[PDB]
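Quick setup: one chain, the form deposited without this ligand, written in structure tokens, and binding and motion questions come after.
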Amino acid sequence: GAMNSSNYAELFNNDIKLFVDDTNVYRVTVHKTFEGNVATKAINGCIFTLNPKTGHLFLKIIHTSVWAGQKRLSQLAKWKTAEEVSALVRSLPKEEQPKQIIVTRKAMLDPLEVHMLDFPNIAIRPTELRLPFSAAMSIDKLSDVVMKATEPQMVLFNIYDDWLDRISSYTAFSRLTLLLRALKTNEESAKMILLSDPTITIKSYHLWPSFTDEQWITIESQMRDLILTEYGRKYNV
């Protein structure tokens, strides 16, 4: 069934599962034509497929050439997402295949179910959580590899860096969703928070800065402030 606040700890048990977010698969800029009509220009996109227990991120880069000559691209994007997720599952050894795939948008349910008919025992589930994975393209290293791609490519990351050496996967996911929610609500401010102090750097093999335990508590507090504010600045409260 659907994944919600009530069954949240299920994400961190030992049954392999993946979140799939398709919100950055089909990306466009909207512009005027010489004749004054409007047109779109696609830019490279990505499927965000994340194991929330381990942090493993399978970032499938969607190169704009996949849309060439195709119609109804927003519908096709859901099916292309499901095709790529099914291909990923088939590429993994049996003992690494997920028992459940949780889609962040309900419109992905039928495309993924149809593509996964060969895997009757993999449950395809929606969620009632409003997860902020669309903000993944605000992580500089992820945006950079997507924008530089000249062909379809899969790139593997650990979205938790080395956090699991010191914190649990529940705590790591909570930090990740807080950071992403902040980046989604006010990207400029969130990024200022994360980089303001130049003595804290991002390792070459990491996505986020090398904060101490104490600095993460401060950072996390700054992100919560940002989110509540914007929630005021927005609703005036």
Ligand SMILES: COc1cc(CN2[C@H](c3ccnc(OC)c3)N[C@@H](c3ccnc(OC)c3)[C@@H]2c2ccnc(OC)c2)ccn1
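The numbering used is simple: start at 1 and walk along the sequence shown.
Not pictured, yet referred to below: the form solved in complex with this ligand.
* **Residue (of 109, 122, 154, 149) lying close to this ligand in the bound PDB entry, criterion heavy atoms within 4.5 Å** => The option sitting close enough to the partner is 154.
* To do: Indicate whether residue 134 is a 4.5 Å heavy atom neighbour of this ligand in the bound PDB entry.
  => Residue 134: no, not in contact with this ligand in the bound PDB entry.
* Does residue 204 make contact with this ligand in the bound PDB entry, using a 4.5 Å heavy atom cut-off? -> Taking the distances in the bound PDB entry, the answer for residue 204 is yes, it comes within 4.5 Å of this ligand.
* Residues of 105-144 having any heavy atom within 4.5 Å of this ligand in the bound PDB entry, listed in sequence order -> If the 4.5 Å heavy-atom criterion is applied to this ligand in the bound PDB entry, 105-144 yields only 141.
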